[PDB]
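Enquirer: Sending over a structure as C-alpha cells; questions will come in a sec.
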Amino acid sequence: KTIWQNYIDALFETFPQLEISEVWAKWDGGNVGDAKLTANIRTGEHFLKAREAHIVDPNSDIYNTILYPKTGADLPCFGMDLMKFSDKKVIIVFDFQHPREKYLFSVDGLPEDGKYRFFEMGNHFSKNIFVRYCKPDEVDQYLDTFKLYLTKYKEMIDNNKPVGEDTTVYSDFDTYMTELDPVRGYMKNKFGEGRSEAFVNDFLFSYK
Ligand SMILES: C=CC1=C(C)/C(=C/c2[nH]c(/C=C3N=C(/C=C4\NC(=O)C(C)=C4C=C)C(C)=C\3CCC(=O)O)c(CCC(=O)O)c2C)NC1=O
C-alpha cells in the first residue's frame with residue numbers, strides 16, 4: 001500500500017509501453033528489515049529508460065522516477081521525487097528536467113514556480129518545476145495538475161517521436177544530480193555505504 005498509488009497509476013496509464021526490463025534491486029534494510037527498496041528499469045517505445053525507485057519504511061514512502069526519452073529531439077526528461085517523510089509531512093516534486101546545462105525550458109500554460117536548498121533552478125529544472133508541501137491525506141489535491149504535466153509530456157513524445165540512443169546526451173544531467181541530490185544520507189543510514197554508492201551511481205544517475 002502506497003500513498004502515491006494514484007500518481008503511479010497516472011504515469012503508467014499515460015505511458016503503458018513502459019514495461020519492466022530489469023529489476024535492478026530488491027533490498028531489505030533499516031531497523032530489524034523494516035525498510036524496503038525496489039529499483040526497476042523499464043523500457044518502451046520512445047524511451048531510453050524509465051528508472052523507478054520506491055523506498056518504503058514505517059515512517060516514509062519515497063517514489064523517485066525519471067523518464068529518459070530517446071535522444072534526437074532535444075526533449076527533457078520527466079522527473080519526480082515524491083517523498084513522504086512522516087505521518088505529518090510530504091513533499092511532492094515533479095518537473096521537466098532538460099539535459100542541456102544552463103538552459104531554460106518551459107511549457108507555456110503550466111504553473112510557474114522560487115528558491116530551494118539543494119538544486120539550481122533553471123539548470124536541469126524548468127520554469128514549471130512543481131513543488132508542494134502537505135499532509136499525506138492531501139496528496140491527491142495535486143493529481144490533476146500532475147496529469148496535465150503528463151499530458152504535455154505525452155504530447156512532446158508523440159509529436160517528436162525520438163529514436164536516438166545516445167546516453168551521453170544525459171551525462172551532464174546525471175553528473176549534476178549525482179553531485180547535488182541529497183539521497184546519500186537516507187540511503188547510507190538504511191542500507192549501508194556500498195549500497196548507497198551503487199544505488200546513486202549505477203541506478204539513479206548511471207549515464208555519467
Ligand atoms: C531515494 C531517496 C531519496 C531521498 C533520500 C530524497 C531526499 C530529499 N530530496 C529533497 C529535495 C528535492 N528533490 C528534488 C527533485 C528531485 N530529486 C531527484 O532525485 C529527482 C529525480 C527529482 C525530480 C524532480 C527537488 C527539486 C528538491 C528540493 C525540494 C525543496 O527544497 O523543498 C530533500 C529536501 C526536502 C526539503 O528539505 O524540503 C530531501 C531530504 N529524495 C529521494 O528520492
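Letters A, B, ... mark the chains of the C-alpha cells in the order given; residue numbers begin at 1 per chain; ligand numbers begin at 1, in order shown.
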Please identify every polymer residue within 7 Å of ligand 1, using only C-alpha atoms and all ligand atoms, and present the set as a ChimeraX atom specification.
Expert: /A:53,55,62-66,79-81,83,91,93-95,116-119,131,177,181-187
Enquirer: Write the selection just made, keeping N, CA, C and O atoms, as an mmCIF file, in the first residue's frame?
Expert:
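Result file follows (out-v1.cif):
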data_model
loop_
_atom_site.group_PDB
_atom_site.id
_atom_site.type_symbol
_atom_site.label_atom_id
_atom_site.label_comp_id
_atom_site.auth_asym_id
_atom_site.auth_seq_id
_atom_site.Cartn_x
_atom_site.Cartn_y
_atom_site.Cartn_z
ATOM 1 N N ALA A 53 12.551 4.097 -8.536
ATOM 2 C CA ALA A 53 12.934 3.674 -7.158
ATOM 3 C C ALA A 53 11.770 3.907 -6.217
ATOM 4 O O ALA A 53 11.148 4.991 -6.217
ATOM 5 N N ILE A 55 11.096 3.396 -2.101
ATOM 6 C CA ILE A 55 11.637 3.050 -0.784
ATOM 7 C C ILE A 55 10.515 3.230 0.214
ATOM 8 O O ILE A 55 9.873 4.286 0.259
ATOM 9 N N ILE A 62 8.961 6.887 -0.402
ATOM 10 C CA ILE A 62 9.651 7.747 -1.382
ATOM 11 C C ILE A 62 9.536 7.091 -2.742
ATOM 12 O O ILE A 62 9.882 5.918 -2.905
ATOM 13 N N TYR A 63 9.022 7.835 -3.712
ATOM 14 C CA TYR A 63 8.939 7.349 -5.072
ATOM 15 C C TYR A 63 9.713 8.286 -5.978
ATOM 16 O O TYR A 63 9.323 9.440 -6.181
ATOM 17 N N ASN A 64 10.825 7.783 -6.491
ATOM 18 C CA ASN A 64 11.761 8.589 -7.269
ATOM 19 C C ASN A 64 11.898 7.968 -8.653
ATOM 20 O O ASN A 64 12.435 6.861 -8.792
ATOM 21 N N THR A 65 11.410 8.672 -9.671
ATOM 22 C CA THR A 65 11.338 8.129 -11.030
ATOM 23 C C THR A 65 11.723 9.177 -12.072
ATOM 24 O O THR A 65 11.252 10.299 -12.007
ATOM 25 N N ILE A 66 12.587 8.799 -13.022
ATOM 26 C CA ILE A 66 12.877 9.676 -14.157
ATOM 27 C C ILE A 66 12.651 8.870 -15.419
ATOM 28 O O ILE A 66 13.099 7.722 -15.531
ATOM 29 N N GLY A 79 10.830 14.001 -14.507
ATOM 30 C CA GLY A 79 11.346 13.558 -13.239
ATOM 31 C C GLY A 79 10.362 13.793 -12.120
ATOM 32 O O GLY A 79 9.655 14.815 -12.076
ATOM 33 N N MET A 80 10.346 12.875 -11.167
ATOM 34 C CA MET A 80 9.557 13.107 -9.986
ATOM 35 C C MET A 80 10.283 12.602 -8.750
ATOM 36 O O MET A 80 11.006 11.597 -8.815
ATOM 37 N N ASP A 81 10.091 13.323 -7.647
ATOM 38 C CA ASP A 81 10.583 12.936 -6.308
ATOM 39 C C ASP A 81 9.410 13.125 -5.367
ATOM 40 O O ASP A 81 9.123 14.249 -4.982
ATOM 41 N N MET A 83 8.059 12.359 -1.872
ATOM 42 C CA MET A 83 8.614 11.949 -0.577
ATOM 43 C C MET A 83 7.675 12.152 0.600
ATOM 44 O O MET A 83 7.359 13.287 0.973
ATOM 45 N N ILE A 91 6.594 15.988 0.698
ATOM 46 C CA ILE A 91 6.959 16.912 -0.372
ATOM 47 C C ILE A 91 6.729 16.219 -1.715
ATOM 48 O O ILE A 91 7.078 15.055 -1.890
ATOM 49 N N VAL A 93 7.566 16.698 -5.642
ATOM 50 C CA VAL A 93 8.259 17.423 -6.703
ATOM 51 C C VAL A 93 8.094 16.686 -8.029
ATOM 52 O O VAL A 93 8.260 15.474 -8.094
ATOM 53 N N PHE A 94 7.751 17.414 -9.091
ATOM 54 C CA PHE A 94 7.877 16.849 -10.417
ATOM 55 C C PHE A 94 8.214 17.955 -11.408
ATOM 56 O O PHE A 94 7.861 19.127 -11.212
ATOM 57 N N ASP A 95 8.891 17.584 -12.481
ATOM 58 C CA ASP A 95 9.348 18.604 -13.408
ATOM 59 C C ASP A 95 9.839 18.000 -14.713
ATOM 60 O O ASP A 95 10.137 16.806 -14.802
ATOM 61 N N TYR A 116 15.108 26.837 -3.692
ATOM 62 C CA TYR A 116 15.182 25.612 -2.895
ATOM 63 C C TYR A 116 16.615 25.359 -2.374
ATOM 64 O O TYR A 116 17.566 25.989 -2.841
ATOM 65 N N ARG A 117 16.752 24.477 -1.383
ATOM 66 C CA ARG A 117 18.031 24.256 -0.683
ATOM 67 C C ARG A 117 19.172 23.715 -1.565
ATOM 68 O O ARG A 117 20.308 24.221 -1.493
ATOM 69 N N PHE A 118 18.864 22.714 -2.398
ATOM 70 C CA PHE A 118 19.881 21.825 -2.963
ATOM 71 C C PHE A 118 20.235 21.963 -4.436
ATOM 72 O O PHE A 118 21.375 21.723 -4.823
ATOM 73 N N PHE A 119 19.261 22.321 -5.258
ATOM 74 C CA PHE A 119 19.485 22.315 -6.695
ATOM 75 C C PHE A 119 19.610 23.721 -7.223
ATOM 76 O O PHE A 119 19.482 24.687 -6.464
ATOM 77 N N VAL A 131 6.611 22.075 -6.944
ATOM 78 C CA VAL A 131 6.985 21.640 -5.592
ATOM 79 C C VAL A 131 5.894 22.051 -4.640
ATOM 80 O O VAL A 131 5.529 23.231 -4.597
ATOM 81 N N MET A 177 23.041 15.816 -10.989
ATOM 82 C CA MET A 177 22.174 15.172 -9.994
ATOM 83 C C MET A 177 23.007 14.371 -9.000
ATOM 84 O O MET A 177 22.745 14.414 -7.802
ATOM 85 N N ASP A 181 22.211 15.851 -5.356
ATOM 86 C CA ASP A 181 20.997 15.202 -4.826
ATOM 87 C C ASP A 181 21.252 14.683 -3.409
ATOM 88 O O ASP A 181 22.192 13.914 -3.226
ATOM 89 N N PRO A 182 20.424 15.101 -2.419
ATOM 90 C CA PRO A 182 20.594 14.705 -1.006
ATOM 91 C C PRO A 182 20.035 13.310 -0.663
ATOM 92 O O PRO A 182 19.270 13.164 0.304
ATOM 93 N N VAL A 183 20.399 12.310 -1.467
ATOM 94 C CA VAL A 183 19.909 10.932 -1.301
ATOM 95 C C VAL A 183 20.830 10.073 -0.403
ATOM 96 O O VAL A 183 20.349 9.177 0.298
ATOM 97 N N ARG A 184 22.130 10.384 -0.425
ATOM 98 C CA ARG A 184 23.191 9.654 0.301
ATOM 99 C C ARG A 184 22.962 9.452 1.798
ATOM 100 O O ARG A 184 23.303 8.393 2.334
ATOM 101 N N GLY A 185 22.412 10.463 2.463
ATOM 102 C CA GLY A 185 22.209 10.421 3.914
ATOM 103 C C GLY A 185 21.206 9.366 4.322
ATOM 104 O O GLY A 185 21.498 8.494 5.152
ATOM 105 N N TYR A 186 20.020 9.452 3.730
ATOM 106 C CA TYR A 186 18.975 8.470 3.931
ATOM 107 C C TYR A 186 19.455 7.061 3.551
ATOM 108 O O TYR A 186 19.277 6.131 4.336
ATOM 109 N N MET A 187 20.066 6.917 2.364
ATOM 110 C CA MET A 187 20.463 5.596 1.837
ATOM 111 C C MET A 187 21.528 4.868 2.674
ATOM 112 O O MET A 187 21.339 3.701 3.001
#
Enquirer: Could you produce a table of the residues of region 78-128 of chain A lying within 8 Å of region 133-147 of chain A, with the nearest pair of atoms per residue and their separation in Å rounded to one decimal, using only C-alpha atoms, ordered by chain and increasing residue number, as a tab-separated table?
Expert:
residue	atom	partner	partner_atom	distance
A:84	CA	A:136	CA	7.0
A:87	CA	A:136	CA	6.7
A:88	CA	A:135	CA	5.5
A:89	CA	A:135	CA	5.1
A:90	CA	A:134	CA	5.4
A:91	CA	A:133	CA	4.6
A:92	CA	A:133	CA	6.5
A:94	CA	A:146	CA	7.8
Enquirer: Next, dump the selected residues to file, keeping only C-alpha atoms, as a CSV table (one decimal), in the first residue's frame.
Expert:
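Output (again12.csv):
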chain,number,residue,atom,x,y,z
A,84,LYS,CA,6.6,11.1,2.5
A,87,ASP,CA,2.8,10.8,9.1
A,88,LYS,CA,2.7,14.6,9.2
A,89,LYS,CA,4.8,15.7,6.2
A,90,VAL,CA,5.2,15.1,2.5
A,91,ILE,CA,7.0,16.9,-0.4
A,92,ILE,CA,5.8,16.5,-4.0
A,94,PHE,CA,7.9,16.8,-10.4
Enquirer: Hey, what's within 6 Å of residue 47 (chain A) if we count only C-alpha atoms and toss same-chain stuff fewer than 3 positions away? As a PDB file with C-alpha atoms, in the first residue's frame, please?
Expert:
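What follows is the written file out_5.pdb:
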ATOM      1  CA  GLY A  44       9.484   1.000 -24.205  1.00  0.00           C
ATOM      2  CA  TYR A  68      14.765   9.366 -20.008  1.00  0.00           C
ATOM      3  CA  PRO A  69      13.411   9.792 -23.531  1.00  0.00           C
ATOM      4  CA  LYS A  70      15.257   8.566 -26.602  1.00  0.00           C
TER       5      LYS A  70
END
Enquirer: When you count only C-alpha atoms, which of these residues is closest to residue 71 (chain A): A:201, A:168, A:43, A:175?
Expert: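 Closest candidate: A:168.
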Enquirer: Based on the backbone DSSP call, show me all residues of chain A assigned strand (DSSP E), as a VMD selection string.
Expert: chain A and resid 19 to 29 35 to 44 47 to 56 61 to 69 77 to 86 89 to 97 130 to 134
Enquirer: Those residues with C-alpha atoms, as a short mmCIF file (atom, residue, chain, number, x, y, z; two decimals), in the first residue's frame please?
Expert:
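The result, written out as selection.cif:
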data_model
loop_
_atom_site.label_atom_id
_atom_site.label_comp_id
_atom_site.auth_asym_id
_atom_site.auth_seq_id
_atom_site.Cartn_x
_atom_site.Cartn_y
_atom_site.Cartn_z
CA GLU A 19 7.42 -2.30 -19.02
CA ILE A 20 9.95 -3.78 -16.63
CA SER A 21 13.11 -4.84 -18.44
CA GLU A 22 15.33 -5.34 -15.36
CA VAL A 23 14.69 -5.46 -11.63
CA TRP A 24 17.93 -3.78 -10.55
CA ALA A 25 17.41 -4.28 -6.76
CA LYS A 26 15.03 -5.52 -4.13
CA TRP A 27 16.74 -4.68 -0.81
CA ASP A 28 15.90 -5.06 2.90
CA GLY A 29 17.31 -2.51 5.35
CA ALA A 35 12.93 -0.64 5.09
CA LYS A 36 12.43 -1.98 1.59
CA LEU A 37 13.84 -0.75 -1.72
CA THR A 38 12.63 -1.69 -5.14
CA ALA A 39 14.58 -0.33 -8.13
CA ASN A 40 13.17 -1.22 -11.56
CA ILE A 41 14.37 -0.39 -15.06
CA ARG A 42 11.57 -0.03 -17.62
CA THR A 43 11.90 0.42 -21.39
CA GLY A 44 9.48 1.00 -24.21
CA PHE A 47 12.24 5.92 -24.14
CA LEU A 48 15.85 5.09 -23.41
CA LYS A 49 14.69 4.01 -19.98
CA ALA A 50 12.40 4.83 -17.09
CA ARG A 51 14.19 4.20 -13.83
CA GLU A 52 11.88 3.80 -10.86
CA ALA A 53 12.93 3.67 -7.16
CA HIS A 54 10.43 3.07 -4.39
CA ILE A 55 11.64 3.05 -0.78
CA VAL A 56 9.20 2.28 2.00
CA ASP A 61 7.43 6.33 1.38
CA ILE A 62 9.65 7.75 -1.38
CA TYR A 63 8.94 7.35 -5.07
CA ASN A 64 11.76 8.59 -7.27
CA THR A 65 11.34 8.13 -11.03
CA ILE A 66 12.88 9.68 -14.16
CA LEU A 67 11.75 9.02 -17.70
CA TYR A 68 14.76 9.37 -20.01
CA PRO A 69 13.41 9.79 -23.53
CA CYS A 77 13.41 14.03 -19.03
CA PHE A 78 10.31 13.83 -16.86
CA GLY A 79 11.35 13.56 -13.24
CA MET A 80 9.56 13.11 -9.99
CA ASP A 81 10.58 12.94 -6.31
CA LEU A 82 7.50 12.10 -4.20
CA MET A 83 8.61 11.95 -0.58
CA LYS A 84 6.59 11.09 2.49
CA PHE A 85 8.96 11.64 5.44
CA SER A 86 6.49 11.11 8.25
CA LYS A 89 4.79 15.67 6.18
CA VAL A 90 5.21 15.10 2.46
CA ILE A 91 6.96 16.91 -0.37
CA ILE A 92 5.83 16.47 -3.96
CA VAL A 93 8.26 17.42 -6.70
CA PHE A 94 7.88 16.85 -10.42
CA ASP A 95 9.35 18.60 -13.41
CA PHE A 96 10.60 18.62 -16.98
CA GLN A 97 14.35 18.17 -16.50
CA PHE A 130 6.25 21.81 -9.31
CA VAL A 131 6.99 21.64 -5.59
CA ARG A 132 4.40 21.38 -2.86
CA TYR A 133 4.39 20.51 0.86
CA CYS A 134 1.38 18.88 2.55
#
